[PDB]
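Below you will find one chain, with nothing else, as structure tokens; this is the form deposited in one PDB entry, and questions on how it binds or moves follow later.
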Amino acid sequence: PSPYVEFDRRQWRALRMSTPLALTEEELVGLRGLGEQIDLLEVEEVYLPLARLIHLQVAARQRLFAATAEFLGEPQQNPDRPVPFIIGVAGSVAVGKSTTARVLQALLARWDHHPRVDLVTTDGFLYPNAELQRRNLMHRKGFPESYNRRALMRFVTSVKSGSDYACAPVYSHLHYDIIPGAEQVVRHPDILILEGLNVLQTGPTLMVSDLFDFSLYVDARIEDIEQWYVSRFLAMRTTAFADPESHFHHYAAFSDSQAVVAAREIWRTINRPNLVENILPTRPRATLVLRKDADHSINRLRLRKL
């Protein structure tokens, strides 16, 4: 007896799902050009249902907002509209957080209840390399203390206060640093998706996850994430690393097998240990845990018992 319902992949296909509202060819196009780490079978059989499951909660938080406002005789100090519904997305580097976020954003924005869905990466809340150097934490990029937690907290709080205007800084993966001066503006969306390694981590006081209405954790076998991590690394040689402006240009010249070495080293000494100390223990805090099998398809969902 546990606090979630479990479905393996069989049981999930095998359910009398209520709604048609299927994917028009206008949508199924935009969808190939952000996934491809995700196939449309997955979008149809897995992510769409999820999006509706989530739609149910956003819709419920919208009705309750209103039922409450009416109950109070909609007083002056109550805001005029529900505040954004914030969804957190967590998991290891290379697990697919980013795609999953992009897909959900796309699907969730299909309903008229909540057409404005924003997306923000916690990447923009890393200290700039300048500062990471100043605090002697370069070797520590991606661990809890490498982020400006205070600013991140300030940001999410600002969003849940019903600001019409909240700013987050941008991180460039190419340049391996915060793009100075660049800012993402978020103007009271209906839903904000916040993605990052750290979104379900546990501060001493208030923490960002305290302002989440729903949170999702992307899980895989640790060997499999290594495999995905390495493949992503190799691939970056010809793309990202190829650029002369890449902090990691000197990785471009690596032969396949030499790059495989380097990758498994960066994995075994930074990314795997981070996952084990800081990310994987946050798995049981998610509303929903999705497990992906060796080749990226979901083979198990855990929804928190409603």
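Only residues modelled in both forms are compared. Residue numbers run from 1 along the displayed sequence. For clarity, a rigid core is taken as the largest C-alpha set superposing within 1.5 Å between two forms.
Higher average CA B factor: 240 to 248, of the stretches 261 to 269 and 240 to 248. In this entry, the higher average B-factor at the C-alpha atoms falls on 106 to 114, of the pair 106 to 114 and 83 to 91. Out of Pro75, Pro169, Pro189, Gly196, it is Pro75 whose C-alpha atom has the highest B-factor in the PDB entry. The residue among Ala67, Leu34, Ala59, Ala51 whose C-alpha carries the highest B-factor in the deposited model is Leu34. Split the chain's modelled residues into thirds by C-alpha temperature factor. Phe143 is in the middle one. Among the modelled residues of its chain, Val46 has a C-alpha B-factor that falls in the middle third according to the deposited record. In this PDB entry, the Cα temperature factor of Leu174 sits in the top third of its chain's modelled residues, the highest group.
When the modelled residues of the chain are ordered by C-alpha B-factor, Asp213 sits in the lowest third.
The entry lists a Cα temperature factor for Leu126 that places it in the lowest third of the chain's modelled residues.
This protein has a second form, the form deposited in another entry, left out of what is shown; the following refers to that one.
Just one of the listed positions, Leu275, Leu31, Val58, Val46, moves its Cα by at least 2 Å between the shown form and the other one when the rigid core is held fixed, and it is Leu31.
Relative to this form, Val29 and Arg187 approach one another in that other deposited form, with their C-alpha atoms ending up at least 3 Å closer. Compared with the form shown here, the Cα atoms of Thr121 and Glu36 sit 3 Å or more closer together in that other deposited form. Taking the core as fixed, the only part between the shown form and the other one where three or more residues in a row have CA shifts of 2 Å or more is 24 to 38.
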